[PDB]
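Residues per chain, in single letters:
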Amino acid sequence: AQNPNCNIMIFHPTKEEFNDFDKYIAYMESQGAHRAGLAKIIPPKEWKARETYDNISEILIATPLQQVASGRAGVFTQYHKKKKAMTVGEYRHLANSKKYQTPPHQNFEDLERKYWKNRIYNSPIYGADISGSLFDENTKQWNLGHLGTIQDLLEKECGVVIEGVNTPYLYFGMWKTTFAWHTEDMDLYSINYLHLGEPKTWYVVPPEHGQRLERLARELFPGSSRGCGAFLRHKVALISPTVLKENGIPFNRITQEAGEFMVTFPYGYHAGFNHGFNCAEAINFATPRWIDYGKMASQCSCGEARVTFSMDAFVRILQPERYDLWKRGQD
Ligand SMILES: O=C(O)CNC(=O)C(=O)O
Ligand SMILES: [Mg+2]
Ligand code: NI
Ligand SMILES: [Zn+2]
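Residues numbered from 1 in each chain as written, not as in the entry; some residues may be left out. Chains lettered and ligands numbered in written order. Heavy atoms only, no water. Residues with missing side-chain atoms left out of burial classes, pairs and counts.

**Observations regarding the sheet that holds strand β1 (residues 9–11)**
Inference 1: Taken together, 10 strands build an open sheet; the order of strands is β1-β2-β14-β10-β16-β8-β7-β4-β5-β12 and the sheet is mixed. Of all the strands in the sheet, the pair left with one neighbour each is β1 and β12 (237–239). The average angle at which neighbouring strand axes cross in this sheet is 25°, direction not considered.
Inference 2: Where strand β5 (residues 75–82) and β12 come together, 3 bridges link them in antiparallel fashion. Bridge pairing in β12 places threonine 77 opposite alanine 237.
Inference 3: Contacting β7 (125–131) and β8 (169–173), helix α2 (residues 88–95) runs over the sheet at an angle of about 155° to β7. (Pairing = 2+ DSSP bridges. Helix = DSSP H or I, 4+ residues; strand = E, 2+ residues; numbered from the N terminus. Axes fitted to C-alpha atoms, helices over the stretch in contact; angles between N-to-C directions. Contact = heavy atoms within 4.5 Å.)

**Observations regarding the UniProt feature "binding site: Zn(2+)" in the protein chain**
Inference 1: Cross-referencing UniProt, the feature "binding site: Zn(2+)" maps to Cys228, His234, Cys300 and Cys302 in the present numbering. Considering the C-alpha atoms alone, the annotated residues occupy 75 residues of sequence yet fold into one spot, their largest mutual distance being 9.9 Å.
Inference 2: For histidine 234, the location among the structural elements is in the loop between α6 (222–227) and β12.
Inference 3: On the accessibility criterion, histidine 234 (23% relative accessible area) is partly exposed.
Inference 4: Tracing the chain through its elements places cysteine 302 in the loop between α8 (290–296) and α9 (311–318).
Inference 5: Not counting residues up to four positions away in its chain, the partners in contact with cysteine 302 are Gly227, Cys228 and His234. (UniProt positions renumbered as here; feature names shortened; annotations may be inferred. Buried < 20%, exposed > 50% of the residue type's maximum accessible area, 1.4 Å probe, protein only.)

**Side note on the packing of α9 against helix α10 (residues 320–330)**
Inference 1: α10 packs onto α9 with a crossing angle of 140° between their chain directions and a minimal axis gap of 6 Å. In terms of axis orientation, α9 runs oblique to α10. Contact with α9, carried on its side by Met311, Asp312, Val315, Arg316, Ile317 and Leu318, involves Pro320, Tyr323, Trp326 and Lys327 of α10 and no other residues of that element.
Inference 2: Residue composition of the contact of α9 with α10, grouped by class: 7 nonpolar, no polar and 3 charged. (Parallel < 35°, antiparallel > 145°, perpendicular 65-115°, else oblique. Nonpolar A, V, L, I, M, F, W, Y, C, P; charged D, E, K, R; others polar.)

**Comments concerning the site of ligand 1**
Inference 1: The environment of ligand 1 is formed by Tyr126, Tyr171, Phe179, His182, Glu184, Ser190, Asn192, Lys200, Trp202, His270 and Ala282.
Inference 2: Taking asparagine 192, its side chain carries an N or O atom lying 3.0 Å from an oxygen atom of ligand 1.
Inference 3: Here ligand 1 has 290 Å² of accessible area as a free molecule, and 94% of this is covered by the chains.
Inference 4: Elements with a minimum of two residues in the shell around ligand 1: β9 (178–182), β10 (189–197) and β11 (200–205). (Near = heavy atom within 4 Å. Polar contact = N/O pair within 3.5 Å; in protein donor to acceptor, adjacent residues only side chain to side chain. Areas by Shrake-Rupley, 256 points an atom, 1.4 Å probe, with all protein chains shown as cover.)

Next up, the structure:
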């Protein structure tokens, strides 16, 4: 078995290897990359997502989210308070202000220490989940707005035509902006490109050990667990590496820099934080190997997780027994 310790693997495709996205994902899996839950892909040196980032300041962040924490430094939840709209140029200025800017630090490890020590005492503002793309239309390789759609994959594998669409999302971050422990909707893959700015640190649990993370989360967040049998779908809970290590949960960490892709694999729990002002683009995707994960994915039916239009068909076709109850949660 390849990669039996479930280490995060880093890939360096040539420009030739970067032509066929599906083929490269299947290659990475042949080497065991999915066992980690997360892989890094450094694009060939010849490739670029677009010519410059000089003209992005007028993008609107319609609903910036202030991420307010509750709990203790290593075990906390966050809620998202909606803020007034602002442009990307306005948000960048805010991120660079004395109140929100990255503190002085020695290296990524020192910054990680400072994040876990101090995150809960601040409420950074995240421009998350903005439909759109920063890939030039002429970028032909690994253009996250030109991928094969999940509805087309389900149709190709299973023969059933379904409604829905699959488009990318932009994320504008600042110091301490945080993504809570989660897997993707329907335990899909994700791919994330860091277009510009400061790094993003990731934590990930191997898919084969995901239920260990779930059991610890039920212990650490006991009221939330009673409320919902899949409360990590709410995307609000944080657990630090120190707490994970104290409780024997297998995980790995890596820092993504501008110009790099990350792929998350089906049922790979992940969480992380931004180092400073940045912009990322991400989208879900599927392969044949996903189908079985989609059939077994947990679901929130308490009503909190509230997701996209396109998840309906996935539930309806892959999980017809759950459909009724899940849809009650969505309506
Ligand atoms: O970058 C972020 O805030 C969160 N992104 C992801 O969870 C992802 O790409 O799957
Ligand atoms: Mg603009
Ligand atoms: Ni994710
Ligand atoms: Zn729920």
